[PDB]
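K.L.:
Below is the structure I would like to discuss, written out as C-alpha cells.
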Amino acid sequence: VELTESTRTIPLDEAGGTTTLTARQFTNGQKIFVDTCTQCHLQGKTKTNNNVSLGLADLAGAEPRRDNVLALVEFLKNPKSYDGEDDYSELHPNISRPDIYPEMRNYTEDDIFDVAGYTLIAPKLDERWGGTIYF
Amino acid sequence: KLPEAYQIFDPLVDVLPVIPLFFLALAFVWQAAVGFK
Amino acid sequence: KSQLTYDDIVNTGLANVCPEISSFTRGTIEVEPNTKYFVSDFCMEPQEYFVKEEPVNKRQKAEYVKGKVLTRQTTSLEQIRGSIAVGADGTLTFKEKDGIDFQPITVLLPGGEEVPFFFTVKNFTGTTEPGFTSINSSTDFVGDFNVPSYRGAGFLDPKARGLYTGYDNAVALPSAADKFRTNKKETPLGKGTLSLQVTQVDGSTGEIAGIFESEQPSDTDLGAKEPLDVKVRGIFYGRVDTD
Amino acid sequence: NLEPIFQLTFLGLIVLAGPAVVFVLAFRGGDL
Amino acid sequence: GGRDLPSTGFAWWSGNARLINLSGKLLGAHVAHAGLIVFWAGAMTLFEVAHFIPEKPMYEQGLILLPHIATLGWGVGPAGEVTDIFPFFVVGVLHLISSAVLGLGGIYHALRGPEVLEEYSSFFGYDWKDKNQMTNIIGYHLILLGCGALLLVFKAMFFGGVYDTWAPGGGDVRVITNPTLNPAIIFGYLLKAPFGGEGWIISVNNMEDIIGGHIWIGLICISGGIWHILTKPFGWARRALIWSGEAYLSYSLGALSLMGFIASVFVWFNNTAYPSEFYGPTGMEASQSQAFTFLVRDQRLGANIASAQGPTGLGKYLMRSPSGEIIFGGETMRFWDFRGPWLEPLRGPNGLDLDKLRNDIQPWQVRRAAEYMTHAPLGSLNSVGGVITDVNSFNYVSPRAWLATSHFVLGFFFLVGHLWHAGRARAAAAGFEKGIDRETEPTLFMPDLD
Amino acid sequence: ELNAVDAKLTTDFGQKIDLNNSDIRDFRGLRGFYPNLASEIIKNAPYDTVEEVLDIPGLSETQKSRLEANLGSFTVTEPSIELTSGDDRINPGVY
Amino acid sequence: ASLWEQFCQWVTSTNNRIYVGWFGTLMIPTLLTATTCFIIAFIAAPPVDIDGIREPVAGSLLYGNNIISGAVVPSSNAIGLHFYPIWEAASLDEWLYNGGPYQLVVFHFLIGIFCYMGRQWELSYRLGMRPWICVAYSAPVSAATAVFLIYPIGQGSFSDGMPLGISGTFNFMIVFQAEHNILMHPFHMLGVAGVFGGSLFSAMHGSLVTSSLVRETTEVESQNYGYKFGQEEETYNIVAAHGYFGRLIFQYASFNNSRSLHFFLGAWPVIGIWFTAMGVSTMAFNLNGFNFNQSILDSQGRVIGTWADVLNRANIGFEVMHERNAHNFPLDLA
Amino acid sequence: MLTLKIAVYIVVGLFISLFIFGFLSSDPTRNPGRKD
Amino acid sequence: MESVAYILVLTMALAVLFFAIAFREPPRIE
Ligand code: CLA
Ligand code: CLA
Ligand code: CLA
Ligand code: CLA
Ligand SMILES: CC1=C(/C=C/C(C)=C/C=C/C(C)=C/C=C/C=C(C)/C=C/C=C(C)/C=C/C2=C(C)CCCC2(C)C)C(C)(C)CCC1
Ligand SMILES: CC1=C(/C=C/C(C)=C/C=C/C(C)=C/C=C/C=C(C)/C=C/C=C(C)/C=C/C2=C(C)CCCC2(C)C)C(C)(C)CCC1
Ligand SMILES: CCCCCCCCCCCCO[C@@H]1O[C@H](CO)[C@@H](O[C@H]2O[C@H](CO)[C@@H](O)[C@H](O)[C@H]2O)[C@H](O)[C@H]1O
Ligand SMILES: CCCCCCCCCCCCO[C@@H]1O[C@H](CO)[C@@H](O[C@H]2O[C@H](CO)[C@@H](O)[C@H](O)[C@H]2O)[C@H](O)[C@H]1O
Ligand code: OEX
Ligand SMILES: [Ca+2]
Ligand SMILES: [Ca+2]
Ligand SMILES: [Cl-]
Ligand SMILES: [Cl-]
Ligand SMILES: [Fe+2]
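Listed below in C-alpha cells is the structure:
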C-alpha cells in the first residue's frame with residue numbers, strides 16, 4: 026500500500042492526542058534518524074544498552090510513556106533513565122548539551138519533532154524493530 | 009564546506025579528484041588514435 | 031610486583047605475584063576486643079596443586095598427586111576486600127567480601143588427566159581460637175568457603191546442551207535423544223575449607239602475609255562426573271586498616 | 062535543483078578535453 | 011627513440027619500457043606523474059573540504075586527507091574540534107596549483123624537451139651503469155628526504171606543534187619541547203618483536219618518540235645523502251647487485267611493497283600517529299570499548315564486576331592476561347595490549363584497577379567508549395556500517411579500514427611487481443629474457459638427473 | 037528429567053516476577069522500576085515473603101508507593117543459584 | 011677453489027637431483043620443521059583451547075578424530091597475536107594446550123613457501139629460463155598468506171587463522187561467510203571466475219590438443235607414445251585446433267598464436283587468485299562483501315525481500331551459533 | 001627451555017647467514033649465460 | 001584402532017611419493 030495518512034498518524038501526547046506527519050516530515054525524520062541515530066539505534070535496537078530499545082513496547086513502558094511524540098521530543102531535550110529518575114543529559118545525545126553533542130546542535134524543534142515521529146512510525150513498518158541485537 | 013566565497017564552484021570541485029582516471033583512459037585513447045603501434 | 035609501573039610490569043608475570051612485606055618483620059597488630067577492621071587488598075598466590083586420585087581397589091589411601099598448571103600465570107586472587115572482627119572472647123573472624131576472588135585453573139596430572147577447578151575464596155568466613163588480642167605469627171584463620179560450579183548455567187556443551195539454555199536431549203540421535211544421562215545439566219554449590227596461617231605481620235603499615243592451604247572440589251562439567259579433591263598451597267598478603 | 066546539471070556540465074567538458082586534444086593533434090598533423 | 015613495436019621491440023601495452031634509455035622523456039614521465047600525485051592531493055583535499063560537515067567527526071564522513079592535516083595540528087583544537095576550516099582549504103589549493111606547474115613541466119620534457127640529457131649536461135644526464143651518477147641522485151634525494159623529516163620536526167616544535175592524543179587535560183594540539191634523541195629508545199623501537207604486545211615500530215605511543223625518531227631520520231638521511239654524493243659503490247655491492255634501470259626499479263618496488271604493508275599495519279593498530287579523534291577507533295579500541303561500556307552499565311545496575319564469573323568460568327568483565335595483568339574479559343582478551351587515552355586513567359600497575367573502575371570512571375569516558383564501540387571498523391563494501399548481518403541504515407566505513415585495506419593491496423601488488431622486475435632484470439643482464447637460445451640451450455649440456 | 041531451571045518454570049517463577057530469581061530485564065514491564073528500583077530489589081534479595089520487599093533498607097517513598105502498587109506482579113521462590121550465580125540476574129547474556 | 015667457493019658451487023649446482031640454491035638453504039630446514047611438527051601434532055597433539063575459554067578442542071587422530079575431522083588447532087585466543095615459541099612455555103604440556111604447534115608449523119610453512127617462490131626464480135636463473143614462474147606461484151602463496159597470517163593480523167589473533175585440517179577449513183569458511191559475506195564480495199567472485207575459468211581453459215586446452223594429435227601410433231598402444239621426450243617437431247596440429255575452435259564459436263575468438271594462448275592460460279587463474287587473496291586480506295580489516303539487507307522497500311516502507319535477505323538469514327544462523335560460549339557482549343567486534 | 005632457545009637461535013642465525021653470504025658471493029655470475 | 005588405518009593409508013601415500021621421486025623413470029632424450 027501507499028504510505029497512507031493513517032500510517033503517518035501517530036499519538037501526539039498522553040491524553041489521547043494524535044498527529045499525522047506529512048510525507049516530507051516523515052522523510053526528514055528518516056534522514057535525521059539515519060544520519061545521527063542509526064549509530065546505536067539500527068532497526069530500533071540500542072547497541073550500547075538493548076534493555077532499553079526503540080520498540081513500541083519499550084517506549085510505552087518508560088516512565089512516563091514515550092510512545093507519543095511529545096514525550097519523545099522531551100526525552101530528546103532532557104534524556105532520563107527508563108524509570109525517569111536519573112538525568113542522562115551527559116550520557117544520551119540531546120539538543121540541550123550542544124557543548125558535548127555537536128552532532129545535534131544544528132537540529133531545530135521541527136527536526137526533533139520529525140525524528141520523533143519517525144521513531145513512532147518505523148515500528149509499524151518493520152516487525153524486527155526493537156528486537157534482539159541479532160534478530 | 010568550502011569557504012563561502014567559493015561555493016559557486018562547489019559542483020566543479022565535486023568532479024575534480026576523478027581526473028587522473030581520465031588520464032589513464034586518455035593513454036588508451038592516444039594509443040588507439042595511433043593504431044596501437 | 032614491588033613498586034613499579036605497568037610498563038615495568040607488563041609481560042613479566044609480576045602481575046600474578048602477591049606482594050611481600052619485608053624480612054626484618056616480627057610485629058603484631060593490636061586489636062580492640064569487639065571492633066572490626068577492614069582488609070584492603072587481599073591477595074592469594076597459589077604455588078602447589080594436588081589432586082586426590084581415586085584408587086579402583088577400595089578402602090586404600092588415595093595419596094594426593096602433584097599436578098602442573100596448563101593455564102599460564104593466570105592463577106592468583108587479588109584486590110580482595112574483607113574484614114576482621116574481634117569476638118567477645120578474643121576470636122578473630124576473617125570475612126571475604128569481594129574482589130577478584132576466583133580463577134579457573136587447569137592442572138595436568140601424571141597419566142594425562144587434566145583437572146580444571148574453580149580456585150576461589152568466595153564468601154570465606156574463617157576464625158581463630160579465642161583470646162587473640164593481636165594479629166601475629168600465630169594467627170590461624172581456619173574456615174569454609176563456597177565453590178560455585180566451574181561452568182555456569184549459561185554454558186553450552188559441544189552438543190548445545192545446557193542448564194538454562196540449550197537442548198535437553200541428544201538432538202543428533204533423533205530416536206535415542208532422551209537416552210543420555212548428560213542430557214541433564216547440574217550446577218551444585220560445592221564447599222571448600224581454607225586455612226590462613228599468618229607468618230609475618232608489619233603492624234606499622236598493617237600488612238599481613240602468610241601461608242595458606244585450601245581444600246575444594248574440582249570441575250564436574252555440569253555434573254557430568256564426580257568431583258576430585260584438589261589441594262592448593264600458596265601464600266597470601268593483605269593490608270589491615272587499624273583506624 | 063541544478064547541482065547534477067552543473068556537475069554533468071563540468072564532467073562532460075573534462076571528458077571531451079582529452080579526446081579533443083587527441084582529435085586535434087590527429088587532424089592537424091601533430092606528433093602522436 | 012622509436013614509438014612503435016618494430017623500432018623498439020616493445021608492444022604498446024609495454025610502451026613505457028620504450029623510455030628506459032630516453033632520459034629526457036623518462037624525466038618528463040616522472041614529473042608529469044608527480045603532477046598527478048600532487049593534483050590528487052589538492053583535488054581530494056578540496057573535495058573533502060566541500061563534503062565536510064565540521065561538527066560531525068572526520069571518521070564519520072569518509073575523510074582520509076583531512077585527518078592527516080589535523081594530526082599535523084592545523085585547524086583543530088582540544089579533542090579534535092575543527093577550529094578553522096581555512097588551513098585545509100589552503101593545503102588543497104596549494105597542491106592543486108603546484109600540480110598544474112608540475113604537469114606543465116612533465117609535458118614539456120615528455121613531448122618537446124630533449125630526448126636524452128647526457129649530451130646536454132653531465133649533471134642531469136645519467137647512465138644506468140654509471141654507478142657514481144646513480145649514487146649522486148640517491149644522495150640528492152636522501153638530502154631532500156632528511157629535510158622533509160626535519161620539516162615535520164620543525165612543525166611539531168617551532169610552528170604550533172602537532173596533535174597529541176595523549177595530552178593531559180584532554181587530547182590537544184601541543185608543542186613538543188623535549189623530543190627523545192636518546193638512541194636507545196629510538197633504535198630499540200626497531201628491535202621490538204613484530205608480534206602482539208611488542209608491535210615492532212607500530213607501538214610508538216607518544217609524540218616525543220615520533221619527533222625524536224624523525225630528528226634521527228633526518229640526520230641519517232642527510233648524512234647518507236652526503237656519503238652517496240661523495241663515494242661510489244664498493245666492490246661487494248658491485249658484485250652482489252644488478253646494475254640496470256630495471257634493477258633499480260625492482261629494488262624500489264620491493265622497498266615500496268614493504269612500506270605499503272607497514273603503513274597498513276600502522277593505521278590499523280597505532281592510535282598515536284593516527285589519533286582516534288580523526289581516524290576513529292582501532293578494532294582493538296572498539297572491542298575494548300564495548301567491554302568497558304557493558305562493565306559500566308552492569309556495574310550501575312549493581313553487578314559486582316570483579317567477582318562475576320561468565321558461563322565458561324572465566325570472569326565476565328575482568329580476567330587475567332596470560333602474564334597475569336587484569337584485563338577486560340570476553341573475546342576482547344586478545345586485545346589486552348590495547349592502550350588508549352580514555353582507558354589508561356583506569357589502569358594500575360597490575361592492569362585494570364578495581365578502585366578506579368568503581369569510582370574513577372568519568373562521563374566523558376563512558377561517552378567515548380560508546381562512540382568507539384559503535385564506530386568499530388566493520389563495514390560492507392557499499393559502506394553499510396556494523397556487522398555484516400546488520401540492516402541498511404548506517405552509512406559508515408572506518409577510514410582505518412579504507413587505508414589499511416588499500417595499502418595492503420598496494421603492498422602486495424608492488425611485491426608482485428618487484429618479483430617481476432627483479433626476475434626480468436636478472437634475466438636481461440644474463441641475456442635470456444627473450445627466451446632460450448636453441449643453439450646453446452643450457453639444459454642440453456647438463457648431465458641427466460638420474 | 038527437568039534440570040532445575042525448567043522445574044522453576046513449573047512453579048510461580050515461570051508465571052510472574054520472582055523477587056529472588058527474576059533477571060533485571062524481567063522488571064522492565066513494571067513502569068518506574070527499571071533500572072533503579074529493580075536493581076535495588078535484586079541487591080536486597082532474598083525475601084522470604086513478597087511483603088518484606090517493602091522493608092528494603094533505605095527505600096524511598098515513591099519507591100515504596102511503586103512497590104505497593106505492583107505487589108501483585110511479585111512472587112518469592114527459593115533462590116536458585118543456577119539463576120543467581122555470576123550476577124546472571126543482572127546480565128544473563130541476553131541483549 | 012676456496013672452501014666457501016666450493017660450497018657455493020654445490021648449493022647453486024644445477025646437477026643436484028633436487029635443486030637447493032640459496033633460497034633452498036632456508037626452504038629445506040623450515041619446510042622440514044613444519045612438516046615434522048605438523049605430522050606429529052596431527053597424529054598425537056593433545057586438545058587445544060582455541061577460543062581461550064578453557065574449552066579445549068581435540069584435533070589429533072589419537073584423541074578421537076578421523077582424517078576428515080582431524081586438524082592442527084590454531085593457538086588460543088588468549089595468546090592473541092603474541093609470539094609463542096616453545097621456550098616461552100612453562101612446559102611442553104602448556105605449550106601444547108595453548109596451541110603452540112599451530113604457530114610453529116604456520117610460521118615455518120610461510121617462510122618455506124616464500125623461499126620456494128624465490129627458489130623457483132633461482133633455478134630459472136641457473137637454467138637460463140625466463141623468470142616468471144614464481145610470479146604465477148605468488149598467487150597460491152598470496153592466498154595462503156592471507157588465510158594464515160594476514161587475516162589473523164587484521165582480526166588480532168592467530169586463533170582466527172585457518173586450522174590445519176579438512177573440517178577445520180570448512181569451519182573457517184563458514185564463520186568467514188557469517189562475518190564477512192565473502193560470497194557477496196566481488197574479489198571472491200573474481201576468485202571463483204579464476205578457478206572455474208582456469209578449469210574451463212584447462213579442459214579446453216587439453217581437449218583441443220588431444221583432439222588435434224598427429225597420428226603416430228596404432229589403435230592398440232596409447233596415443234601418448236606418439237610423443238617422444240625432447241622431439242623437435244610439434245605433436246599436435248594447432249591449425250586444425252584453431253579451425254575447430256574458430257568454427258565452434260567464431261573465427262576471431264580463437265587463439266592461433268600458441269604463445270598468446272599460453273600466456274592467457276597462465277594469466278587468468280593467477281589474476282583471479284590474486285584478487286581472491288586480496289579479498290580475504292581486506293576482509294581481514296572487516297571491509298566486507300556487499301550488504302543489500304533491506305535494500306528494497308515498498309512504497310509504504312515495508313521491506314521487500316530479495317535473495318540477499320535469505321542469504322543474510324543463513325549468515326545470521328551461522329553467526330549466532332559459532333563459538334557459542336566465547337561471546338559475553340552483544341556485538342561480535344573481535 | 002633456555003638451552004632450546006639458544007640452540008634454535010644459533011641454528012637460525014647460521015642458516016640466515018648462509019643465505020645472506022651466499023647471495024653476496026657474486027650470485028649474478030652463477031648463470032649459464034652472460035657473466036660480464 | 002581406526003587410527004591405525006588412517007596412519008596406514010597416509011604412510012602409503014607418502015611412500016608412493018618417495019619412490020616416485022627417488023626411483024622415477026628417468027626422462028631420456030632419444
Ligand atoms: C613505480 C612502479 C612501476 C613502474 C615505473 C613500472 C614500469 C614498467 N613496467 Mg611494471 N609493474 C608494477 C610497477 C611498475 N612498473 C607493479 C606494482 C606490477 C605488478 C602488477 C607490475 C607488473 C608489470 C608487468 C607484467 C610488466 C610490467 C612492465 C613495465 C614496463 C612497461 C609497462 C607499461 O608500458 O605500462 C602500460 C600500462 C598499461 C598496459 C595499463 C595497465 C592497467 C592496469 C593493468 C590496471 C590499472 C588498475 C588501477 C588500480 C586503476 C583501476 C581502474 C578502475 C577504475 C577500472 C615499465 C618500464 C612490462 C615490462 O616488463 O617491460 C619490459 C610488463 O610486461 N610491469
Ligand atoms: C602516468 C602515466 C603515463 C605517463 C606520464 C606516460 C608518458 C609517456 N609515454 Mg606512456 N603509457 C601509459 C602511461 C603513461 N605514459 C599507459 C597507461 C599506456 C598503455 C596504454 C602507455 C603506453 C605508451 C606507448 C606505446 C608509448 C608511450 C610513450 C610515452 C612517452 C612519450 C609520450 C608521447 O609522445 O605520446 C604523445 C601523446 C600526445 C601528444 C597526446 C597529448 C598528451 C598530453 C600530455 C595530454 C595532457 C593533457 C593535460 C590534461 C593538459 C594539461 C596541460 C597543462 C596546461 C597542465 C612519455 C614520456 C611513448 C614512448 O615511449 O616514447 C619513446 C610510446 O611509444 N606510452
Ligand atoms: C625533478 C624535476 C626536474 C628535473 C631533474 C629537471 C631537469 C631539467 N630541466 Mg626541467 N622542469 C621541471 C622539473 C625538472 N626539470 C618542472 C616541474 C618544470 C615546469 C616549470 C620544468 C620546466 C623546464 C623547462 C622549460 C626547461 C627545463 C630544462 C631542464 C634541463 C636543464 C636544467 C637546467 O640547467 O636549467 C637551470 C636550473 C636552475 C637554474 C636551478 C633552478 C632550481 C629551481 C627552478 C628553483 C627551486 C629550487 C627548489 C627550492 C628545490 C626543491 C624544489 C621544491 C619544489 C621541493 C634539465 C635536465 C631546460 C632544458 O631542457 O634545456 C634545453 C628547459 O628549457 N625544465
Ligand atoms: C633510499 C636510500 C638509500 C639507498 C637506495 C641506498 C643504497 C645503497 N647504499 Mg646506502 N645509506 C643510506 C641510504 C640509502 N642507501 C643512508 C640514509 C645511510 C646513512 C646511514 C646509508 C649508508 C651507506 C653505507 C655505509 C653504505 C651504503 C651502501 C649502499 C649501496 C649498497 C648497499 C646495499 O646493498 O644495500 C643492502 C644491505 C645489505 C645487502 C646488507 C644486509 C643488511 C641486513 C642483513 C638486511 C636485513 C634487513 C631486515 C630484513 C629489515 C629489517 C628492518 C630493521 C629491523 C633492520 C647501495 C647502492 C654501501 C656502498 O657501497 O657505499 C658507497 C655502503 O658501504 N649506504
Ligand atoms: C605525458 C603523457 C601523458 C601524461 C600526461 C600527464 C600525466 C599530465 C598531467 C598534468 C597535470 C598534473 C595537470 C594539471 C593541472 C591543474 C590545473 C589546470 C589547475 C588549477 C587550478 C584551478 C583553476 C583551481 C581553481 C580553484 C581554486 C583557485 C580554489 C577554489 C577551487 C577551484 C578549483 C575553482 C599521457 C599518459 C596522457 C599520455 C601522453 C603522454
Ligand atoms: C621516525 C620514527 C622512528 C624512527 C625510525 C627509524 C630510526 C628507522 C629506521 C630504519 C632503518 C635504518 C632501516 C632499514 C632497512 C634495511 C633494509 C630494508 C635492508 C636490506 C637488505 C637488503 C635488500 C639486502 C638484500 C640482499 C641480500 C639479502 C644479500 C644479497 C644482496 C642483496 C642486496 C640482494 C621511531 C620508530 C623511533 C619513532 C616513530 C617514527
Ligand atoms: C557500436 C558499434 C561498435 C562499436 C565498436 C567499438 C570498438 C571498435 C574498436 C575500438 C577502437 C580500436 O581502435 C582500432 O585500433 C586499431 C588497432 O588494430 C587501429 O587500426 C588502424 O590503425 C590505424 C588508424 O590510425 C590505421 O592506419 C590502420 O590501418 C588500422 O589498422 C585503430 O586505432 C583502430 O582501428
Ligand atoms: C649465530 C647467531 C647469534 C646467536 C647468538 C644468540 C644466542 C642466544 C641469545 C638468547 C639470549 C637469552 O635470552 C634471555 O632469555 C632469558 C631467559 O632466562 C630472559 O630472562 C628473563 O625471562 C625469563 C623467562 O623466560 C625469566 O625466567 C628470567 O628470570 C628473566 O631474566 C632474558 O631476559 C634474556 O636475555
Ligand atoms: O575467535 Mn574465531 O570469529 Ca573472529 O568474529 Mn569474534 O573472533 Mn571469535 O567471535 Mn566471530
Ligand atoms: Ca555519531
Ligand atoms: Ca558540491
Ligand atoms: Cl564455530
Ligand atoms: Cl565478548
Ligand atoms: Fe599446451
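Chains as they are written, first to last, in the authors' numbering: chain V, 26 to 160; chain K, 9 to 45; chain O, 31 to 273; chain Y, 62 to 93; chain C, 11 to 460; chain U, 37 to 131; chain A, 11 to 344; chain I, 1 to 36; chain T, 1 to 30.
From the three backbone atoms N, C-alpha and C, an ideal C-beta is built for every residue, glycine too.
1) Based on Cα-Cα distance, which residue from O:157, O:49, O:101, O:96 lies nearest to residue 124 (chain O)?
2) For residue 43 (chain A), which of A:55, A:58, A:116 has the nearest alpha-carbon?
3) For residue 316 (chain A), I'd like the list of residues in its chain whose CB is within less than 8 angstroms of its CB, leaving aside the five on either flank, ordered along the chain.
4) Return the chain-ordered list of same chain residues with a C-beta closer than 8 angstroms to the C-beta of residue 93 (chain C), the five sequence neighbours on each side being excluded.
5) Could you list the residues in the segment 18–34 of chain I with a C-beta less than 9 angstroms from some C-beta on chain A, going in chain order?
6) Whole angstroms is fine: what's the gap from residue 213 (chain A)'s alpha carbon to residue 257 (chain C)'s?
7) Please indicate yes or no: does the CB of residue 9 (chain I) lie closer than 7 angstroms to some heavy atom of ligand 8?
8) Could you please go through the chain and list the residues whose beta-carbon is closer than 5 angstroms to any non-hydrogen atom of ligand 13?
9) May I have a chain-ordered list of the beta strand (DSSP E) segments no shorter than 3 residues that lie completely inside the segment 200–263 of chain O?
10) Is any non-hydrogen atom of ligand 7 found closer than 7 angstroms to the C-beta of residue 41 (chain K), if you look at the structure I gave you?
11) Strictly under 8 angstroms for the Cβ-Cβ distance: is residue 225 (chain A) near chain I by that measure?
12) Should residue 109 (chain A) and residue 58 (chain A) be called a contact, given that it needs their Cβ atoms to be closer than 8 angstroms?
13) By a C-beta neighbour count over all protein chains shown, 10 Å radius and 16 as the cutoff for buried, is residue 90 (chain Y) buried or exposed?
14) For residue 57 (chain O), count neighbouring Cβ atoms within 10 angstroms of its own Cβ and tell me buried if that reaches 16, exposed if not.
15) Between residue 386 (chain C) and residue 96 (chain O), what straight-line distance do the alpha-carbon atoms span, to the nearest angstrom?
16) Quick one: is residue 14 (chain C) near chain T, going by C-beta distance under 8 angstroms?
17) Among residues of its own chain, excluding the 5 on either side of residue 78 (chain A), which ones have a beta-carbon nearer than 8 angstroms to its beta-carbon?
P.N.:
For this structure:
1) For the purposes of this step, residue 124 (chain O) is identified with residue 94 of the third sequence, where counting begins at 1. That would be O:157, whose Cα lies nearest to the Cα of residue 124 (chain O).
2) The residue labelled residue 43 (chain A) in the question sits at position 33 within the seventh sequence. For the options A:55, A:58, A:116, the alpha carbon positioned closest to that of residue 43 (chain A) is the one of A:116.
3) As a working note, residue 316 (chain A) is residue 306 in the seventh sequence. Taken in chain order, the residues that qualify are 302, 305, 306.
4) Residue numbering aside, residue 93 (chain C) sits at position 83 when the fifth sequence is read from its first letter. Residues 85, 86, 87 of the same chain have their beta carbon placed closer than 8 angstroms to that of residue 93 (chain C), with the five preceding and five following residues left out of the count.
5) Within the segment 18–34 of chain I, contact with chain A at the beta-carbon level (separation under 9 angstroms) is assigned to 18, 19, 20, 21, 22, 23, 25, 26, 27, 28, 30, 31, 32, 33.
6) Position 203 of the seventh sequence holds residue 213 (chain A). Position 247 of the fifth sequence holds residue 257 (chain C). The alpha-carbon atoms of residue 213 (chain A) and residue 257 (chain C) are separated by roughly 38 angstroms.
7) Counting from one through the eighth sequence, the residue named residue 9 (chain I) turns up at place 9. The answer is yes for residue 9 (chain I).
8) In chain order, the hits are C:340, C:341, A:337, A:338, A:339.
9) For the segment 200–263 of chain O, the continuous beta strand (DSSP E) assignments of 3+ residues that do not extend past its boundaries occur at 220–232, 237–247, in sequence order.
10) Position 33 of the second sequence holds residue 41 (chain K). When distances are taken from the beta-carbon of residue 41 (chain K) to the heavy atoms of ligand 7, the shortest one is below 7 angstroms.
11) Residue numbering aside, residue 225 (chain A) sits at position 215 when the seventh sequence is read from its first letter. No, no contact with chain I.
12) Taking the first residue of the seventh sequence as position 1, residue 109 (chain A) is located at position 99. Taking the first residue of the seventh sequence as position 1, residue 58 (chain A) is located at position 48. At the C-beta level, residue 109 (chain A) and residue 58 (chain A) come within 8 angstroms of one another.
13) As a working note, residue 90 (chain Y) is residue 29 in the fourth sequence. By the 10 Å Cβ count, residue 90 (chain Y) comes out exposed.
14) Along the third sequence, read from residue 1 onward, the residue named residue 57 (chain O) stands at position 27. Buried.
15) Working through the fifth sequence from its first residue, we reach residue 386 (chain C) at position 376. Working through the third sequence from its first residue, we reach residue 96 (chain O) at position 66. Near 46 angstroms, if we compare the C-alpha coordinates of residue 96 (chain O) and residue 386 (chain C).
16) Taking the fifth sequence and counting its residues from 1, one reaches residue 14 (chain C) at position 4. Taking CB atoms only, residue 14 (chain C) has no neighbour in chain T less than 8 angstroms away.
17) Taking the seventh sequence and counting its residues from 1, the one referred to as residue 78 (chain A) is at position 68. Excluding sequence neighbours, residue 78 (chain A) sits near 176, 177.
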